[PDB]
Structure formats: C-alpha cells, structure tokens
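Neighbour counts run over all protein chains shown; Cβ positions are idealised from the backbone, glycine included. A short reminder: the numbers here are calculations on the coordinates, not readings from a lab.
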2 protein chains.
Amino acid sequence: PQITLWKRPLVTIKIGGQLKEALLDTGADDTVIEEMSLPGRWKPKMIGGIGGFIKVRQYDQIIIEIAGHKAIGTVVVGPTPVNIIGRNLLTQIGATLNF
Amino acid sequence: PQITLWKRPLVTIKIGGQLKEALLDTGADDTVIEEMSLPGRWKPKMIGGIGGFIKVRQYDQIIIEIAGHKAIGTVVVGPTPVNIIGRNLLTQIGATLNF
Ligand SMILES: CC(C)CN(C[C@@H](O)[C@H](Cc1ccccc1)NC(=O)O[C@H]1CO[C@H]2OCC[C@H]21)S(=O)(=O)c1ccc(N)cc1
Ligand SMILES: [Cl-]
Ligand SMILES: [Cl-]
Ligand code: NA
C-alpha cells in the first residue's frame, strides 16, 4: 500500500499471539512495544528520544506480522507511550519513503 | 526520490538561510528543531515523546526547504536529540510510505 501522512500511519500487528496497533516510524531505529511477555532470553537496554530515556527489555529473533507482512528481528519492550515499528523491521517489509 | 530505511533517512534542510541535517520521521506529528533563532512570535506547546514530555516554542508559517522541496509551516524549537521533520511538513512535500 501507499500510506499518506495526513494522519498517523497506524497499522495492525500480530506479536506474541496478540493483535496490537502500531505506528510505522521511519524516525525509530528500533521497534518498541508496550509491556508484554515474549518468549526467550532478553537483556536490558536504554533507549532515548524526546523527553529522555526509558529502560526496555531487548528480545532477539521475534516474529511480527505487520499489516499482513511477516518480519523477524529484535523487539524491545518497555513503557513506551505508543507501539512503534522502527527501521529494523520496516526494511524487512520493503517499506520506503517516497516524494 | 525513493528512500529505503537501512540507514536513518537524513536529509539536508534549509531554514533561516542555514543548512541543517534532519530526520524524516513518520512517527512525528510535528517538526521539531534544535535551538535556533526564528522570526516572529511563538506560542507554547508540549510535545510527548518516548521518555516524556518537553516544552517547545511553536513558530507558525516558517519557510523551510526539505531535501530541495519548499515548505511553509509550523516548526517547534526545543531540546530534541535530532532535528525531526514530522508529518505536518512531510505532507507538504508529498511524502508517502510505501510497501
Ligand atoms: C525522536 C526520534 C529521533 C526517535 N523516536 C521516534 C519518533 O518517531 C517518536 C515516536 C513516538 C510517537 C509518539 C509518542 C512517543 C514516541 N516521535 C516523536 O517523538 O514525535 C514527537 C514530535 O511529534 C509528536 O508527535 C508524536 C510524539 C511527538 S523515539 O520514539 O524517541 C525512539 C528512540 C529510539 C528508538 N530506538 C526507537 C524510538
Ligand atoms: Cl533487528
Ligand atoms: Cl531494499
Ligand atoms: Na530470542
């Protein structure tokens, strides 16, 4: 699809068996999801943005279905205000910015 | 152009006659620029990001070139880690997300 940007580019994702709404975010290096359980090992990390840093749990090799497209990569979990699909997974679904 | 997302989508902007680097950010509602001087009056605004909120100075109808494309709109100034071009100006330059 071609998504215009008059409004937030929100899509449905499936992660860890759960459907969630997430923002397609070219400004995010990493994919950041609100608190949930995910399987496997994790390690703590800090990520920073406007307003400062939050502590997250980093899970590797997580599969997410993004608007019907599967992708695998690292997902960090923590007290983000919005679920964010960052560049590490946007690349995997072939997303580009065009103008 | 068509911008892939393997690297941060950084572009050159021109604002007040000065060139700056900025991130094309579909996850940003608003365009947020590091401290600089802009003409006219400003209004207060709070923006909420990943680590909480910040106060910014909102300037309207600012002339800004983005990757060679002319925009005139709202720019807010404050302590952002990087200059971000948000959807308010991405729409003016005709940007879409495509996959
Ligand atoms: C500021 C950017 C360099 C990075 N951010 C992604 C960005 O798109 C966030 C993504 C975002 C979106 C909503 C809430 C929090 C974070 N947007 C944002 O802060 O936008 C602010 C300016 O416009 C306003 O509209 C949206 C919030 C305001 S970030 O959320 O801080 C971020 C930082 C590091 C990682 N790894 C992943 C995400
Ligand atoms: Cl990854
Ligand atoms: Cl590619
Ligand atoms: Na893992």
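A few comments on the model shown:
- Here the condition is being of a type in the set (A, V, I, L, M) and more than 28 Å from B:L10 (Cα to Cα); of A:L19, A:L23, it holds for A:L19 alone.
- Qualifying residue in the range B:33-50 (condition: polar (S, T, N, Q) and assigned to a strand (DSSP E or B)): no
- Residue in the range B:74-86 that is farther than 23 Å from A:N83 by Cβ and within 7 Å of another protein chain (Cβ to nearest Cβ) present: no
- Within the set A:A28, A:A71, the sole residue that is buried (at least 18 other Cβ atoms within 10 Å of the Cβ), within 14 Å of chain B (Cβ to nearest Cβ), more than 28 Å from B:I33 (Cβ to Cβ) and touching a helix residue (DSSP H, G or I) at 6+ places or on another chain (Cβ under 7 Å) turns out to be A:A71.
- Take the conditions (1) away from ligand 4 (no atom under 16 Å from the Cβ); (2) touching a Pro at 6+ places or on another chain (Cβ under 8 Å); (3) assigned to a strand (DSSP E or B); A:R57 misses just one of them, which is (1).
Table: residues versus (1) more than 7 Å from every other protein chain (Cβ to nearest Cβ); (2) within 14 Å of ligand 1 (Cβ to nearest atom); (3) among the basic types (K, R).
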{"residue": "A:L10", "(1), (2), (3)": "yes, yes, no"}
{"residue": "A:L19", "(1), (2), (3)": "yes, no, no"}
{"residue": "A:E35", "(1), (2), (3)": "yes, no, no"}
{"residue": "A:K45", "(1), (2), (3)": "yes, yes, yes"}
{"residue": "A:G49", "(1), (2), (3)": "no, yes, no"}
{"residue": "A:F53", "(1), (2), (3)": "no, yes, no"}
{"residue": "A:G94", "(1), (2), (3)": "no, no, no"}
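- Lone qualifier among B:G48, B:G27 - being of a type outside the set (S, T, Y) and touching an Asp or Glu at 6+ places or on another chain (Cβ under 6 Å): B:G27
- Only listed residue being more than 21 Å from A:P9 (Cα to Cα), polar (S, T, N, Q) and more than 16 Å from ligand 4 (Cβ to nearest atom), chosen from B:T12, B:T91, B:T96: B:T12
- Within the range A:61-99, being in a strand (DSSP E or B) and touching a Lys or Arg at 6+ places or on another chain (Cβ under 8 Å) holds for A:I63, A:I64, A:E65, A:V76, A:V77.
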